[PDB]
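Just so you know, residue 1 is the first one in the sequence shown, and it goes up from there. In listed order, ligands and their atoms are each counted from 1.
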Amino acid sequence: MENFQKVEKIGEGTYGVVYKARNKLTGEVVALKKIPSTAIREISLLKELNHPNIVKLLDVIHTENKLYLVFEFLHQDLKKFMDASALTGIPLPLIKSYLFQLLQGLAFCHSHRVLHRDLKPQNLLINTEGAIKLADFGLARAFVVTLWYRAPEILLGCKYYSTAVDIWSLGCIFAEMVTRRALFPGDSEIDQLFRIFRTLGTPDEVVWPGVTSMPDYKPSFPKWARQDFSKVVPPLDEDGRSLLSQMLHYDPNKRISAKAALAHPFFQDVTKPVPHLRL
Ligand SMILES: N=C(N)NS(=O)(=O)c1ccc(N/C=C2\C(=O)Nc3ccccc32)cc1
Ligand code: NA
């Protein structure tokens, strides 16, 4: 750690405080996160998982029984950019570019059987060039927490969840970029589940075979009817609504993969605009 000078406290991440810091040996500006043998091996595997849409894990420092993770630094997260674009809205070509780039990042990680498990605007980082990158990828398997982007199978007690959990989270983020409001802002596990059910309908054996046998499923859940996506994400066009609907399928097996989402007609006219960033 003496090779790093703290510059700015970014904030309280999921596993520890993230700082902007300077490497005294290279002059490199990095993000430093201050966090068992199982964790060291899993974290070290993430150092190999390199993609332009994944925030690079530069180094793992284990000293005095403490763990420091050194990452590539980006200047802004999607939460700040969404708050800054609240009055105007993020232009649809930029939302589309960001969704496409994040689907590329997920297709890569998922092809290597690596899940994020905790996608949210706070871990999506952006730069002046128009890139967007997934931060803290794979740390959840390695080691108030927001529930807004949690997949229904996690909420219902699935212990062996799939890559589909990240597609759900990304679908929630996509809807939030479009509407300028969180899709399912639950403030408890049951409030989160019930907000999902009130929009998408209470799941049953017809739409999700095996749902009634899940650990936290209760036959006493209220039965709400599904709403149209035209009501959920206006004024998003039918290509965007159709893609979103597939990213929000209840059955994780029916839910679109990142690879298949990249081929969706919504991306026929994808471009890479440059955002209006004040740093
Ligand atoms: N400074 C605050 N609080 N918000 S901000 O939008 O300006 C902002 C600025 C920088 C960052 N950077 C965060 C990080 C970063 O650069 N690399 C990381 C790797 C893992 C986790 C977090 C990061 C995140 C947010
Ligand atoms: Na990396």
Q: Please report the C-alpha distance between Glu176 and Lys79 in whole Å, then the side-chain angles of each, then the deciding distance to 0.1 Å, and finally whether the salt bridge (charged side-chain N to carboxylate O under 4.0 Å, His left out) criterion is met.
A: CA-CA 10 Å; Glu176 182 172 347; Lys79 190 252 190 290; over 6 Å; no
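The distance criterion of under 3.5 Å between nitrogen or oxygen atoms is met by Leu74 with respect to ligand 1.
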Compile the donor-acceptor pairs under 3.5 Å between side chains in residues 258-268 and protein atoms, sequence neighbours left out, one pair per line.
{"unit_1": "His264", "atom_1": "ND1", "unit_2": "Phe266", "atom_2": "N", "d": "2.9"}
{"unit_1": "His264", "atom_1": "NE2", "unit_2": "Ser242", "atom_2": "OG", "d": "3.2"}

For residues 203-221, which side-chain N or O atoms pair as donor and acceptor with protein atoms under 3.5 Å away, sequence neighbours left out?
{"unit_1": "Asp204", "atom_1": "OD1", "unit_2": "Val206", "atom_2": "N", "d": "3.2"}
{"unit_1": "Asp204", "atom_1": "OD1", "unit_2": "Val207", "atom_2": "N", "d": "3.2"}
{"unit_1": "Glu205", "atom_1": "OE1", "unit_2": "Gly210", "atom_2": "N", "d": "2.7"}
{"unit_1": "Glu205", "atom_1": "OE2", "unit_2": "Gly210", "atom_2": "N", "d": "3.3"}
{"unit_1": "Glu205", "atom_1": "OE2", "unit_2": "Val211", "atom_2": "N", "d": "3.4"}
{"unit_1": "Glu205", "atom_1": "OE2", "unit_2": "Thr212", "atom_2": "N", "d": "3.0"}
{"unit_1": "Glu205", "atom_1": "OE2", "unit_2": "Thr212", "atom_2": "OG1", "d": "2.7"}

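Heavy-atom contacts of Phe71 reach the following atoms of ligand 1: 19 (C), 20 (C) (cutoff under 4.0 Å). Taking a cut-off of under 4.0 Å to the non-hydrogen atoms of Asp77, the atoms of ligand 1 that pass are 6 (O), 8 (C), 25 (C). Atoms of ligand 1 found under 4.0 Å from any heavy atom of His75, numbered from 1 in the order shown, are 7 (O), 8 (C), 9 (C), 10 (C). The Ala31 neighbourhood of ligand 1 comprises atoms 14 (C), 15 (C), 16 (O), 17 (N), 18 (C), with distances under 4.0 Å to a heavy atom of that residue.
The pair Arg255-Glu153 counts as a salt bridge, with a side-chain nitrogen and a carboxylate oxygen less than 4.0 angstrom apart.
Contact annotation: for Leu125 versus ligand 1, heavy atoms closer than 4.0 Å belong to the side chain alone. Here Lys20 has no heavy atoms under 4.0 Å from ligand 1, in either its backbone or its side chain. At a 4.0 Å heavy-atom cut-off, ligand 1 touches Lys80 through the side chain alone.
Here the side chain of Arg226 pairs a donor or acceptor atom with the backbone of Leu200 at under 3.5 angstrom.
Taking every heavy atom of both residues into account, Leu115 and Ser162 meet most closely at CD2-O, 3.6 Å.
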